[PDB]
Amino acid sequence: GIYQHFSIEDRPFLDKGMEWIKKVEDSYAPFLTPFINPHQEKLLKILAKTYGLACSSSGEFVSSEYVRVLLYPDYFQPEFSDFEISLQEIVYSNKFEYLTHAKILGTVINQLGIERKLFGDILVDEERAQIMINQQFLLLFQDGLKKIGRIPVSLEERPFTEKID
(Lines of atoms letter the chains of each structure in order from A and count residues from 1; the text may use other names and numbers.)
(Lines give C-alpha, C1' and ligand atoms only; values in the text may rest on other atoms or scores of the structure.)
Protein backbone atom coordinates (compact mmCIF):
# COMPACT_ATOMS: atom_id res chain seq x y z
CA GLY A 1 0.00 0.00 0.00
CA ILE A 2 0.86 3.68 0.03
CA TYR A 3 1.64 5.39 3.33
CA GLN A 4 2.55 8.83 4.41
CA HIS A 5 6.15 9.91 3.84
CA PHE A 6 8.50 9.68 6.77
CA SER A 7 10.35 12.71 8.05
CA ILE A 8 13.90 13.32 9.26
CA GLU A 9 12.44 13.56 12.80
CA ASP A 10 11.24 9.93 12.44
CA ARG A 11 14.67 8.40 11.76
CA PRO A 12 15.79 7.58 15.31
CA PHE A 13 12.53 5.73 16.02
CA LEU A 14 12.53 4.04 12.62
CA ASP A 15 16.05 2.83 13.32
CA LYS A 16 14.79 1.17 16.55
CA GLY A 17 11.78 -0.18 14.66
CA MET A 18 14.04 -1.90 12.14
CA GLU A 19 15.96 -3.53 15.02
CA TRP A 20 12.71 -4.89 16.41
CA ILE A 21 11.65 -6.22 13.01
CA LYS A 22 15.06 -7.94 12.66
CA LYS A 23 14.57 -9.59 16.09
CA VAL A 24 11.36 -11.14 14.82
CA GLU A 25 13.04 -12.20 11.58
CA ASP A 26 15.88 -13.77 13.59
CA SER A 27 13.76 -15.56 16.13
CA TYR A 28 10.53 -16.30 14.19
CA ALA A 29 8.91 -15.34 17.49
CA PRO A 30 6.85 -12.39 18.71
CA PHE A 31 8.62 -9.27 19.93
CA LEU A 32 6.88 -6.94 22.41
CA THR A 33 7.90 -3.28 22.35
CA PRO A 34 8.12 -0.84 25.21
CA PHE A 35 5.48 1.81 25.60
CA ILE A 36 5.40 4.12 22.54
CA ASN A 37 3.37 7.17 21.56
CA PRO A 38 0.60 7.28 18.91
CA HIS A 39 2.89 8.67 16.22
CA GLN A 40 5.44 5.94 16.92
CA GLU A 41 2.68 3.33 16.78
CA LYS A 42 1.72 4.58 13.33
CA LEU A 43 5.38 4.42 12.15
CA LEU A 44 5.87 0.90 13.40
CA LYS A 45 2.59 -0.27 11.76
CA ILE A 46 3.92 1.08 8.42
CA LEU A 47 7.32 -0.66 8.83
CA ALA A 48 5.63 -3.94 9.85
CA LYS A 49 3.37 -3.89 6.75
CA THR A 50 6.39 -3.13 4.56
CA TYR A 51 8.24 -6.22 5.86
CA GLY A 52 5.18 -7.76 6.03
CA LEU A 53 5.14 -8.89 9.64
CA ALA A 54 1.85 -8.96 11.54
CA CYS A 55 1.48 -6.18 14.09
CA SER A 56 -1.08 -5.73 16.96
CA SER A 57 -1.22 -2.68 19.23
CA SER A 58 -2.47 -2.77 22.83
CA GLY A 59 -4.58 0.24 21.71
CA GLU A 60 -6.68 -2.12 19.63
CA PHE A 61 -7.71 -3.90 22.93
CA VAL A 62 -7.67 -1.05 25.51
CA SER A 63 -7.98 2.47 24.21
CA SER A 64 -5.02 4.48 25.25
CA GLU A 65 -2.56 7.04 24.14
CA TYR A 66 0.65 5.17 25.00
CA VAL A 67 0.67 1.62 23.70
CA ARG A 68 2.78 -1.47 23.43
CA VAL A 69 3.04 -3.31 20.16
CA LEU A 70 3.50 -6.91 19.34
CA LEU A 71 5.36 -7.87 16.14
CA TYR A 72 4.92 -11.56 15.15
CA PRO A 73 4.97 -14.36 12.58
CA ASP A 74 1.61 -15.62 11.23
CA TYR A 75 1.27 -18.69 13.40
CA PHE A 76 0.74 -16.37 16.45
CA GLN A 77 -1.91 -16.14 18.39
CA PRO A 78 -2.18 -12.66 20.18
CA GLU A 79 -4.24 -12.20 23.37
CA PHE A 80 -4.29 -9.09 25.58
CA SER A 81 -2.10 -10.85 28.14
CA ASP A 82 0.73 -11.03 25.50
CA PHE A 83 1.16 -7.21 25.92
CA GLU A 84 2.24 -7.67 29.57
CA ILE A 85 0.31 -4.56 30.75
CA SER A 86 -1.06 -4.20 34.30
CA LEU A 87 -3.58 -1.56 35.38
CA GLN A 88 -2.74 -0.17 38.83
CA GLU A 89 -5.12 1.88 40.90
CA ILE A 90 -3.31 4.55 42.89
CA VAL A 91 -5.27 4.09 46.11
CA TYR A 92 -5.47 7.48 47.75
CA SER A 93 -5.57 10.01 44.91
CA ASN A 94 -2.83 12.03 43.42
CA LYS A 95 -4.62 14.35 42.88
CA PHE A 96 -2.75 15.64 39.72
CA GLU A 97 -1.64 13.78 36.53
CA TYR A 98 1.39 16.13 36.67
CA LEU A 99 2.22 15.29 40.26
CA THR A 100 1.93 11.50 39.66
CA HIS A 101 4.05 11.69 36.53
CA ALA A 102 6.69 13.72 38.31
CA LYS A 103 6.96 11.26 41.17
CA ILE A 104 7.30 8.38 38.76
CA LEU A 105 10.14 9.84 36.63
CA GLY A 106 12.22 10.77 39.75
CA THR A 107 12.16 11.21 42.87
CA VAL A 108 13.61 9.96 45.30
CA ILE A 109 10.38 10.71 47.42
CA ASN A 110 9.27 7.89 47.19
CA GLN A 111 12.09 6.48 45.01
CA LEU A 112 11.55 6.08 41.25
CA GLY A 113 13.84 7.07 38.45
CA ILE A 114 11.45 5.19 36.18
CA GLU A 115 11.87 5.66 32.39
CA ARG A 116 8.79 6.74 30.40
CA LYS A 117 9.05 3.58 28.27
CA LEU A 118 8.15 1.29 31.27
CA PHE A 119 4.64 2.73 31.68
CA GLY A 120 1.88 4.17 29.58
CA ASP A 121 -1.03 6.37 30.45
CA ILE A 122 -1.66 7.93 33.80
CA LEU A 123 -5.41 8.41 34.17
CA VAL A 124 -7.29 10.89 36.38
CA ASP A 125 -10.02 13.53 35.88
CA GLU A 126 -11.11 13.44 39.38
CA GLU A 127 -9.71 12.06 42.65
CA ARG A 128 -9.26 8.42 41.57
CA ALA A 129 -6.06 7.74 39.69
CA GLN A 130 -4.58 4.85 37.80
CA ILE A 131 -1.46 3.94 35.86
CA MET A 132 -0.88 1.38 33.06
CA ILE A 133 2.51 -0.33 33.58
CA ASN A 134 4.80 -2.94 32.07
CA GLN A 135 3.92 -5.88 34.38
CA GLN A 136 7.54 -7.03 34.40
CA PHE A 137 8.12 -3.97 36.65
CA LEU A 138 5.10 -4.56 38.99
CA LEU A 139 7.29 -4.70 42.12
CA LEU A 140 9.24 -1.63 41.16
CA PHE A 141 5.90 0.26 41.13
CA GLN A 142 4.01 -1.43 43.92
CA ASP A 143 6.95 -1.31 46.36
CA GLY A 144 8.47 1.98 45.16
CA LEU A 145 5.41 4.22 44.65
CA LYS A 146 4.33 4.66 48.28
CA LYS A 147 3.90 8.47 48.46
CA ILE A 148 3.35 11.29 46.11
CA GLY A 149 4.32 14.68 47.49
CA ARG A 150 3.28 14.29 51.09
CA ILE A 151 0.31 11.98 50.66
CA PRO A 152 0.75 8.22 51.03
CA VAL A 153 -0.46 5.98 48.18
CA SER A 154 -0.88 2.23 47.57
CA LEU A 155 -0.93 0.61 44.12
CA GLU A 156 -3.41 -2.25 43.53
CA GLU A 157 -4.24 -4.38 40.44
CA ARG A 158 -7.57 -3.50 38.72
CA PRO A 159 -9.22 -5.08 35.60
CA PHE A 160 -9.15 -2.96 32.45
CA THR A 161 -12.96 -3.22 32.73
CA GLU A 162 -12.51 -0.89 35.72
CA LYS A 163 -10.40 1.50 33.72
CA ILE A 164 -10.77 5.27 34.03
CA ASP A 165 -11.62 7.44 31.01
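Just count from 1 along the sequence shown to find any residue number.
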>> Tell me which stretch, 62-70 or 125-133, has the higher mean Cα B-factor listed in the entry.
In response: 125-133
> For the C-alpha atoms alone, is the average B factor greater in 135-143 or in 24-32, going by the entry?
Replying inline: 135-143
>> Maximum C-alpha temperature factor per the entry, among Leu118, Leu44, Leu105, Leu53, belongs to which one?
In response: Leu105
> Lowest, middle or highest third: where is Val153 by Cα B-factor in its chain?
Replying inline: middle
